[PDB]
$ cat model_35.pdb   # PDB, C-alpha atoms
ATOM      1  CA  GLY A 136     164.803  64.824 126.538  1.00  0.00           C
ATOM      2  CA  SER A 137     162.894  66.788 123.910  1.00  0.00           C
ATOM      3  CA  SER A 138     165.844  69.178 123.678  1.00  0.00           C
ATOM      4  CA  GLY A 139     166.360  71.317 120.591  1.00  0.00           C
ATOM      5  CA  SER A 140     163.397  72.653 118.629  1.00  0.00           C
ATOM      6  CA  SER A 141     165.290  74.141 115.684  1.00  0.00           C
ATOM      7  CA  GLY A 142     161.898  75.225 114.383  1.00  0.00           C
ATOM      8  CA  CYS A 143     160.666  78.795 114.770  1.00  0.00           C
ATOM      9  CA  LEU A 144     157.468  79.546 112.853  1.00  0.00           C
ATOM     10  CA  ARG A 145     154.108  81.227 113.443  1.00  0.00           C
ATOM     11  CA  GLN A 146     155.408  81.694 116.987  1.00  0.00           C
ATOM     12  CA  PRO A 147     152.701  82.570 119.547  1.00  0.00           C
ATOM     13  CA  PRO A 148     151.578  86.210 119.910  1.00  0.00           C
ATOM     14  CA  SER A 149     152.373  88.673 122.698  1.00  0.00           C
ATOM     15  CA  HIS A 150     149.445  89.424 125.009  1.00  0.00           C
ATOM     16  CA  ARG A 151     148.471  88.472 128.560  1.00  0.00           C
ATOM     17  CA  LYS A 152     144.845  89.608 128.388  1.00  0.00           C
ATOM     18  CA  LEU A 153     141.509  87.886 127.770  1.00  0.00           C
ATOM     19  CA  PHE A 154     138.176  89.400 126.737  1.00  0.00           C
ATOM     20  CA  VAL A 155     135.214  87.747 128.460  1.00  0.00           C
ATOM     21  CA  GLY A 156     131.599  88.390 127.519  1.00  0.00           C
ATOM     22  CA  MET A 157     128.140  86.826 127.538  1.00  0.00           C
ATOM     23  CA  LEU A 158     128.242  87.355 131.305  1.00  0.00           C
ATOM     24  CA  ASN A 159     125.353  87.996 133.696  1.00  0.00           C
ATOM     25  CA  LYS A 160     124.629  91.176 135.654  1.00  0.00           C
ATOM     26  CA  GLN A 161     124.901  89.233 138.914  1.00  0.00           C
ATOM     27  CA  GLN A 162     128.443  87.886 139.247  1.00  0.00           C
ATOM     28  CA  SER A 163     131.160  90.101 140.723  1.00  0.00           C
ATOM     29  CA  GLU A 164     134.878  90.722 140.217  1.00  0.00           C
ATOM     30  CA  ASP A 165     135.539  88.245 143.026  1.00  0.00           C
ATOM     31  CA  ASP A 166     133.432  85.410 141.614  1.00  0.00           C
ATOM     32  CA  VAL A 167     135.250  85.760 138.290  1.00  0.00           C
ATOM     33  CA  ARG A 168     138.535  86.125 140.171  1.00  0.00           C
ATOM     34  CA  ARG A 169     138.536  82.750 141.927  1.00  0.00           C
ATOM     35  CA  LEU A 170     136.673  80.962 139.134  1.00  0.00           C
ATOM     36  CA  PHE A 171     139.193  81.926 136.454  1.00  0.00           C
ATOM     37  CA  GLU A 172     142.365  81.765 138.547  1.00  0.00           C
ATOM     38  CA  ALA A 173     140.944  78.416 139.659  1.00  0.00           C
ATOM     39  CA  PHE A 174     142.863  77.085 136.657  1.00  0.00           C
ATOM     40  CA  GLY A 175     145.571  79.464 135.480  1.00  0.00           C
ATOM     41  CA  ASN A 176     147.136  82.186 137.614  1.00  0.00           C
ATOM     42  CA  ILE A 177     145.867  85.722 137.021  1.00  0.00           C
ATOM     43  CA  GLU A 178     147.899  88.924 136.738  1.00  0.00           C
ATOM     44  CA  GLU A 179     145.107  91.503 136.857  1.00  0.00           C
ATOM     45  CA  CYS A 180     141.317  91.766 136.662  1.00  0.00           C
ATOM     46  CA  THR A 181     138.971  94.618 135.751  1.00  0.00           C
ATOM     47  CA  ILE A 182     135.205  94.288 135.345  1.00  0.00           C
ATOM     48  CA  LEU A 183     133.630  96.301 132.528  1.00  0.00           C
ATOM     49  CA  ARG A 184     130.715  98.595 133.374  1.00  0.00           C
ATOM     50  CA  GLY A 185     129.012 100.645 130.676  1.00  0.00           C
ATOM     51  CA  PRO A 186     128.254 104.339 131.285  1.00  0.00           C
ATOM     52  CA  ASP A 187     124.772 103.318 132.426  1.00  0.00           C
ATOM     53  CA  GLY A 188     126.350 101.682 135.461  1.00  0.00           C
ATOM     54  CA  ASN A 189     124.957  98.159 135.208  1.00  0.00           C
ATOM     55  CA  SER A 190     127.620  95.629 134.222  1.00  0.00           C
ATOM     56  CA  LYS A 191     127.665  95.102 130.456  1.00  0.00           C
ATOM     57  CA  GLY A 192     128.357  91.404 130.940  1.00  0.00           C
ATOM     58  CA  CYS A 193     132.064  91.719 130.182  1.00  0.00           C
ATOM     59  CA  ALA A 194     135.427  91.878 131.950  1.00  0.00           C
ATOM     60  CA  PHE A 195     139.172  91.904 131.282  1.00  0.00           C
ATOM     61  CA  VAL A 196     141.264  89.120 132.815  1.00  0.00           C
ATOM     62  CA  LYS A 197     145.005  88.524 132.480  1.00  0.00           C
ATOM     63  CA  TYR A 198     147.153  85.431 133.015  1.00  0.00           C
ATOM     64  CA  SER A 199     150.782  84.527 133.705  1.00  0.00           C
ATOM     65  CA  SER A 200     151.358  82.826 130.353  1.00  0.00           C
ATOM     66  CA  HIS A 201     149.556  81.623 127.225  1.00  0.00           C
ATOM     67  CA  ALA A 202     149.178  77.954 128.152  1.00  0.00           C
ATOM     68  CA  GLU A 203     147.334  78.847 131.356  1.00  0.00           C
ATOM     69  CA  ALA A 204     145.139  81.253 129.392  1.00  0.00           C
ATOM     70  CA  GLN A 205     143.995  78.581 126.939  1.00  0.00           C
ATOM     71  CA  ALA A 206     143.313  76.204 129.830  1.00  0.00           C
ATOM     72  CA  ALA A 207     140.792  78.605 131.360  1.00  0.00           C
ATOM     73  CA  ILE A 208     139.368  79.463 127.940  1.00  0.00           C
ATOM     74  CA  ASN A 209     138.529  75.919 126.842  1.00  0.00           C
ATOM     75  CA  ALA A 210     137.755  75.012 130.454  1.00  0.00           C
ATOM     76  CA  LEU A 211     135.335  77.945 130.561  1.00  0.00           C
ATOM     77  CA  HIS A 212     134.419  79.350 127.145  1.00  0.00           C
ATOM     78  CA  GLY A 213     132.204  76.849 125.353  1.00  0.00           C
ATOM     79  CA  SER A 214     131.834  74.878 128.575  1.00  0.00           C
ATOM     80  CA  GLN A 215     129.015  76.415 130.616  1.00  0.00           C
ATOM     81  CA  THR A 216     126.383  79.031 129.786  1.00  0.00           C
ATOM     82  CA  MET A 217     126.141  82.160 131.933  1.00  0.00           C
ATOM     83  CA  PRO A 218     122.663  82.517 133.491  1.00  0.00           C
ATOM     84  CA  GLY A 219     120.292  84.099 130.992  1.00  0.00           C
ATOM     85  CA  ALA A 220     122.446  83.619 127.902  1.00  0.00           C
ATOM     86  CA  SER A 221     121.711  80.702 125.575  1.00  0.00           C
ATOM     87  CA  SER A 222     125.278  80.550 124.261  1.00  0.00           C
ATOM     88  CA  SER A 223     128.167  79.073 126.249  1.00  0.00           C
ATOM     89  CA  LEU A 224     130.550  81.491 127.965  1.00  0.00           C
ATOM     90  CA  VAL A 225     132.683  83.561 125.592  1.00  0.00           C
ATOM     91  CA  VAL A 226     136.384  83.975 126.362  1.00  0.00           C
ATOM     92  CA  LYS A 227     138.902  85.006 123.703  1.00  0.00           C
ATOM     93  CA  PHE A 228     142.313  86.687 123.618  1.00  0.00           C
ATOM     94  CA  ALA A 229     141.726  90.414 124.101  1.00  0.00           C
ATOM     95  CA  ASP A 230     143.283  92.583 121.392  1.00  0.00           C
ATOM     96  CA  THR A 231     145.228  95.808 121.923  1.00  0.00           C
ATOM     97  CA  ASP A 232     145.689  97.336 118.471  1.00  0.00           C
ATOM     98  CA  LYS A 233     142.192  97.517 116.986  1.00  0.00           C
ATOM     99  CA  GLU A 234     141.809 101.048 115.621  1.00  0.00           C
ATOM    100  CA  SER A 235     145.469 101.442 114.660  1.00  0.00           C
ATOM    101  CA  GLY A 236     146.944  99.509 111.751  1.00  0.00           C
ATOM    102  CA  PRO A 237     149.304  99.475 108.747  1.00  0.00           C
ATOM    103  CA  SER A 238     146.444 100.840 106.642  1.00  0.00           C
ATOM    104  CA  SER A 239     147.829 102.593 103.563  1.00  0.00           C
ATOM    105  CA  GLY A 240     147.562 106.171 104.786  1.00  0.00           C
TER     106      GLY A 240
END

$ encode --input "model_35.pdb" --output "structure tokens"
Amino acid sequence: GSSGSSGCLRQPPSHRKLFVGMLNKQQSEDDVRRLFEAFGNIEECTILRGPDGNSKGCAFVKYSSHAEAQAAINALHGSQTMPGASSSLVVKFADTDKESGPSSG
């Protein structure tokens, strides 16, 4: 059943990345690997490390599709609170075109 949508509007965006922050300088790529994937499959993972060297409490994680992404987000972001931080984990859809834009130039 449920065949035939005949309704295309505000269709979802195009991006398989997720920006995670409010992390602790203890966890490792692995920890975040299993944890995340624990819900929705992951395509790639890359921990962020500022020039200083010590993790900046951030990392880039990708998923197979949107649905899965949201699952991990709600299941993670706003759920627990990384050690040290007072605010629940922060996981949002990572953007690609930040600097660029249709700005009237």

$ residues_around --input "model_35.pdb" --residues "residue 176 in chain A" --least-positions-apart "6" --cutoff "10 Å" --atoms "all atoms listed in the file" --output "JSON, numbers by chain"
{"A": [168, 169, 197, 198, 199, 200, 203, 204, 207]}

$ resolve_selection --input "model_35.pdb" --expression "the PyMOL selection byres ((chain A and resi 229-239) around 12)" --output "list in words"
residues 148, 149, 150, 151, 152, 153, 154, 155, 156, 193, 194, 195, 196, 197, 198, 204, 208, 225, 226, 227, 228 and 240 of chain A

$ closest_residue --input "model_35.pdb" --among "A:159, A:136, A:145, A:205" --to "residue 220 in chain A" --atoms "only C-alpha atoms"
A:159

$ residues_around --input "model_35.pdb" --residues "residue 190 in chain A" --least-positions-apart "4" --cutoff "8 Å" --atoms "all atoms listed in the file" --output "short mmCIF file (atom, residue, chain, number, x, y, z; two decimals) with C-alpha atoms, in the coordinates of the input"
data_model
loop_
_atom_site.label_atom_id
_atom_site.label_comp_id
_atom_site.auth_asym_id
_atom_site.auth_seq_id
_atom_site.Cartn_x
_atom_site.Cartn_y
_atom_site.Cartn_z
CA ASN A 159 125.35 88.00 133.70
CA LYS A 160 124.63 91.18 135.65
CA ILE A 182 135.21 94.29 135.34
CA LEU A 183 133.63 96.30 132.53
CA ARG A 184 130.72 98.60 133.37
CA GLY A 185 129.01 100.64 130.68
#

$ atom_distance --input "model_35.pdb" --atom1 "CA of residue 178 in chain A" --atom2 "CA of residue 218 in chain A"
26.2 Å

$ closest_residue --input "model_35.pdb" --among "A:146, A:186, A:210, A:192" --to "residue 173 in chain A" --atoms "only C-alpha atoms"
A:210

$ decode --input "model_35.pdb" --residues "chain A" --atoms "C-alpha atoms" --output "PDB file, in the first residue's frame"
ATOM      1  CA  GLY A 136       0.000   0.000   0.000  1.00  0.00           C
ATOM      2  CA  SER A 137       0.945   3.648   0.462  1.00  0.00           C
ATOM      3  CA  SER A 138       1.751   3.818  -3.252  1.00  0.00           C
ATOM      4  CA  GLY A 139       1.790   7.144  -5.069  1.00  0.00           C
ATOM      5  CA  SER A 140       2.914  10.315  -3.309  1.00  0.00           C
ATOM      6  CA  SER A 141       2.029  12.821  -6.030  1.00  0.00           C
ATOM      7  CA  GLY A 142       3.418  15.462  -3.691  1.00  0.00           C
ATOM      8  CA  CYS A 143       6.896  16.909  -4.164  1.00  0.00           C
ATOM      9  CA  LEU A 144       7.651  19.889  -1.925  1.00  0.00           C
ATOM     10  CA  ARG A 145      10.433  21.118   0.359  1.00  0.00           C
ATOM     11  CA  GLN A 146      12.096  17.818  -0.544  1.00  0.00           C
ATOM     12  CA  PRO A 147      14.968  16.823   1.781  1.00  0.00           C
ATOM     13  CA  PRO A 148      18.454  18.283   1.177  1.00  0.00           C
ATOM     14  CA  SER A 149      21.525  16.572  -0.278  1.00  0.00           C
ATOM     15  CA  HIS A 150      24.251  15.816   2.266  1.00  0.00           C
ATOM     16  CA  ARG A 151      25.549  12.696   4.013  1.00  0.00           C
ATOM     17  CA  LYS A 152      27.611  14.458   6.680  1.00  0.00           C
ATOM     18  CA  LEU A 153      27.058  15.404  10.323  1.00  0.00           C
ATOM     19  CA  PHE A 154      28.904  17.961  12.450  1.00  0.00           C
ATOM     20  CA  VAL A 155      29.421  16.791  16.034  1.00  0.00           C
ATOM     21  CA  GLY A 156      30.707  19.023  18.815  1.00  0.00           C
ATOM     22  CA  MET A 157      30.635  19.520  22.578  1.00  0.00           C
ATOM     23  CA  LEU A 158      32.863  16.440  22.734  1.00  0.00           C
ATOM     24  CA  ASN A 159      35.527  15.559  25.303  1.00  0.00           C
ATOM     25  CA  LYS A 160      39.285  15.333  24.759  1.00  0.00           C
ATOM     26  CA  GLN A 161      39.221  11.679  25.815  1.00  0.00           C
ATOM     27  CA  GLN A 162      37.097   9.724  23.338  1.00  0.00           C
ATOM     28  CA  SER A 163      38.675   8.428  20.129  1.00  0.00           C
ATOM     29  CA  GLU A 164      37.664   7.902  16.500  1.00  0.00           C
ATOM     30  CA  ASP A 165      36.819   4.303  17.396  1.00  0.00           C
ATOM     31  CA  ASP A 166      34.566   5.107  20.354  1.00  0.00           C
ATOM     32  CA  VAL A 167      32.608   7.524  18.163  1.00  0.00           C
ATOM     33  CA  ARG A 168      32.704   4.978  15.340  1.00  0.00           C
ATOM     34  CA  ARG A 169      30.847   2.155  17.088  1.00  0.00           C
ATOM     35  CA  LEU A 170      28.679   4.477  19.180  1.00  0.00           C
ATOM     36  CA  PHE A 171      27.290   6.349  16.175  1.00  0.00           C
ATOM     37  CA  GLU A 172      27.104   3.453  13.715  1.00  0.00           C
ATOM     38  CA  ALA A 173      25.437   1.656  16.625  1.00  0.00           C
ATOM     39  CA  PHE A 174      22.250   3.112  15.145  1.00  0.00           C
ATOM     40  CA  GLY A 175      22.669   4.172  11.528  1.00  0.00           C
ATOM     41  CA  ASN A 176      25.367   2.877   9.192  1.00  0.00           C
ATOM     42  CA  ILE A 177      28.352   5.169   8.642  1.00  0.00           C
ATOM     43  CA  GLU A 178      30.097   5.995   5.366  1.00  0.00           C
ATOM     44  CA  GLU A 179      33.178   7.795   6.683  1.00  0.00           C
ATOM     45  CA  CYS A 180      34.581   9.292   9.886  1.00  0.00           C
ATOM     46  CA  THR A 181      37.227  11.942  10.554  1.00  0.00           C
ATOM     47  CA  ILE A 182      38.043  13.383  13.976  1.00  0.00           C
ATOM     48  CA  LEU A 183      38.823  17.104  14.096  1.00  0.00           C
ATOM     49  CA  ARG A 184      42.070  18.205  15.744  1.00  0.00           C
ATOM     50  CA  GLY A 185      42.980  21.879  15.976  1.00  0.00           C
ATOM     51  CA  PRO A 186      46.505  23.029  15.057  1.00  0.00           C
ATOM     52  CA  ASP A 187      47.424  22.776  18.739  1.00  0.00           C
ATOM     53  CA  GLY A 188      47.054  19.011  18.474  1.00  0.00           C
ATOM     54  CA  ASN A 189      44.571  18.317  21.262  1.00  0.00           C
ATOM     55  CA  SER A 190      41.151  17.326  19.925  1.00  0.00           C
ATOM     56  CA  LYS A 191      38.874  20.359  19.638  1.00  0.00           C
ATOM     57  CA  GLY A 192      35.901  18.286  20.758  1.00  0.00           C
ATOM     58  CA  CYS A 193      34.526  17.862  17.245  1.00  0.00           C
ATOM     59  CA  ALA A 194      34.373  15.309  14.430  1.00  0.00           C
ATOM     60  CA  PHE A 195      32.796  14.683  11.026  1.00  0.00           C
ATOM     61  CA  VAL A 196      30.595  11.606  10.632  1.00  0.00           C
ATOM     62  CA  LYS A 197      28.682  10.454   7.554  1.00  0.00           C
ATOM     63  CA  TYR A 198      25.726   8.099   7.121  1.00  0.00           C
ATOM     64  CA  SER A 199      24.102   5.978   4.414  1.00  0.00           C
ATOM     65  CA  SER A 200      20.903   8.028   4.242  1.00  0.00           C
ATOM     66  CA  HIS A 201      19.023  10.846   5.973  1.00  0.00           C
ATOM     67  CA  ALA A 202      16.653   8.747   8.081  1.00  0.00           C
ATOM     68  CA  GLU A 203      19.561   6.923   9.719  1.00  0.00           C
ATOM     69  CA  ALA A 204      21.283  10.261  10.319  1.00  0.00           C
ATOM     70  CA  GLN A 205      18.326  11.714  12.220  1.00  0.00           C
ATOM     71  CA  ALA A 206      18.057   8.519  14.267  1.00  0.00           C
ATOM     72  CA  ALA A 207      21.591   8.944  15.606  1.00  0.00           C
ATOM     73  CA  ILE A 208      21.095  12.689  16.037  1.00  0.00           C
ATOM     74  CA  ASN A 209      17.996  12.536  18.235  1.00  0.00           C
ATOM     75  CA  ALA A 210      19.292   9.317  19.793  1.00  0.00           C
ATOM     76  CA  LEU A 211      22.524  11.144  20.620  1.00  0.00           C
ATOM     77  CA  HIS A 212      22.299  14.932  20.355  1.00  0.00           C
ATOM     78  CA  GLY A 213      20.166  16.229  23.210  1.00  0.00           C
ATOM     79  CA  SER A 214      20.279  12.803  24.840  1.00  0.00           C
ATOM     80  CA  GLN A 215      23.468  12.549  26.899  1.00  0.00           C
ATOM     81  CA  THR A 216      26.061  15.130  27.936  1.00  0.00           C
ATOM     82  CA  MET A 217      29.707  14.566  27.013  1.00  0.00           C
ATOM     83  CA  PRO A 218      31.936  14.484  30.124  1.00  0.00           C
ATOM     84  CA  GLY A 219      32.793  18.022  31.183  1.00  0.00           C
ATOM     85  CA  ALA A 220      30.168  19.807  29.100  1.00  0.00           C
ATOM     86  CA  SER A 221      26.937  20.924  30.766  1.00  0.00           C
ATOM     87  CA  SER A 222      24.962  20.845  27.515  1.00  0.00           C
ATOM     88  CA  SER A 223      23.763  17.623  25.886  1.00  0.00           C
ATOM     89  CA  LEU A 224      25.734  16.306  22.912  1.00  0.00           C
ATOM     90  CA  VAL A 225      25.516  18.466  19.789  1.00  0.00           C
ATOM     91  CA  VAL A 226      24.967  16.764  16.433  1.00  0.00           C
ATOM     92  CA  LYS A 227      23.644  18.644  13.402  1.00  0.00           C
ATOM     93  CA  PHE A 228      23.795  18.264   9.620  1.00  0.00           C
ATOM     94  CA  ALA A 229      27.226  19.480   8.519  1.00  0.00           C
ATOM     95  CA  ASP A 230      27.120  22.155   5.817  1.00  0.00           C
ATOM     96  CA  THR A 231      29.311  22.316   2.712  1.00  0.00           C
ATOM     97  CA  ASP A 232      28.699  25.739   1.171  1.00  0.00           C
ATOM     98  CA  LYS A 233      29.308  28.223   3.987  1.00  0.00           C
ATOM     99  CA  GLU A 234      31.610  30.892   2.556  1.00  0.00           C
ATOM    100  CA  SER A 235      30.216  30.690  -0.977  1.00  0.00           C
ATOM    101  CA  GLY A 236      26.740  31.976  -1.782  1.00  0.00           C
ATOM    102  CA  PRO A 237      24.446  33.792  -4.237  1.00  0.00           C
ATOM    103  CA  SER A 238      25.488  37.063  -2.598  1.00  0.00           C
ATOM    104  CA  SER A 239      24.924  39.952  -5.008  1.00  0.00           C
ATOM    105  CA  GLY A 240      28.489  40.368  -6.229  1.00  0.00           C
TER     106      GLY A 240
END
